[PDB]
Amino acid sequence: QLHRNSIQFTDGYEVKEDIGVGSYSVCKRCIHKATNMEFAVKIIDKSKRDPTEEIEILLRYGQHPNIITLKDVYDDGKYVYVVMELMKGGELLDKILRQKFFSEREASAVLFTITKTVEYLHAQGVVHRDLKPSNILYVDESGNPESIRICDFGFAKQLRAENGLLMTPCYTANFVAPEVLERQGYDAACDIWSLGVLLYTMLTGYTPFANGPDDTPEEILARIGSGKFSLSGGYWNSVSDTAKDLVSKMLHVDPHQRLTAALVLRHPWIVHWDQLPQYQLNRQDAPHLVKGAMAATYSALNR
């Protein structure tokens, strides 16, 4: 169902500064010349990536408030211009980490919102397969969890049958190759590991498997081969046992014994947050450092 037409992206929009990334494509700020409104547009090179899987996901699931919403799109025959909502409130992790007053009850509300979003996607047989915090942004500076948006679904995937059919993890019979009943069960928990990395970084101000952008890829991959990230002492003293127990299983090594989004939300730190610290978090603060550390962390994975 795509695509080409008379109208061109140019005709309805003014391009602007490059706002980030990217691997197979470049996102840039733009304006809708009619209303002079601000949007963001990811320009994918068809010769390189195939937008199909991503765009579809966005059409159906964009309705989700906490999911980046798809406001428009074109294909000029060369690239594919996907207009989604521009995010003013900046990066979520980056924002939150500069908050010297932030409480567990408050970090529980953020992660709740994020996992509730991911649980939905999971029952829909869709995996992001890139959850690194740079893809979770704030549509505005309201600082309310309802401004949270998950973004850049370029690397996500639907669960399909061997027949090429939409499917849900509920339905079973209709045939999909066996390895895909595998890679979906991983890619799902793989998202849950990444959320582990967000909650760990959120309660402390450092990422569990890297100190900084300079860490060797081997050492990061090495730290991970183990797990056994430290939940005691330092910035782990004043924190809760509950959340500590939570971060452990979200970050658990076995894709299996590791938590599922659905169970996460059932963990008492998420449900029982009202029993949780309303007071700030002694946290190492190097928002720049942490960012550069995460970057070092994911490159080691994917490269």
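The first residue of the sequence shown is number 1, and the count goes up from there.
*Using only the Cα atoms and their B-factors as the entry lists them, report which of 257-265 and 33-41 averages higher.*
Comparing 257-265 with 33-41, the higher mean C-alpha B-factor belongs to 33-41.
*asked:* Per the record, averaged over C-alpha atoms, which has the higher B-factor: 166-174 or 68-76?
replied: The stretch with the larger mean CA B-factor is 166-174.
*asked:* Can you tell me which of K116, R105, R129, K132 has the maximum CA B-factor listed in the PDB entry?
replied: Going by the entry's C-alpha B-factors, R105 comes out highest.
*Of the options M87, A188, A161, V83, which has the highest CA B factor as deposited?*
Reading the PDB entry, the winner on C-alpha B-factor is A161.
*Would the CA B-factor of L93 place it in the lowest, middle or highest third of its chain?*
Middle third, going by the recorded CA B-factors of the chain.
*Third of chain Cα B-factors occupied by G212*: Lowest third, going by the recorded CA B-factors of the chain.
*Select lowest, middle or highest to describe the third in which the CA B-factor of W273 falls within its chain in this entry.*
Top third by C-alpha B-factor.
*By the record's CA B-factor, is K100 among the lowest, middle or highest third of residues in the chain?*
CA B-factor rank for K100: middle third.
*For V239, does the deposited CA B-factor place it in the lowest, middle or highest third of the chain?*
Highest third of the chain for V239's C-alpha B-factor.
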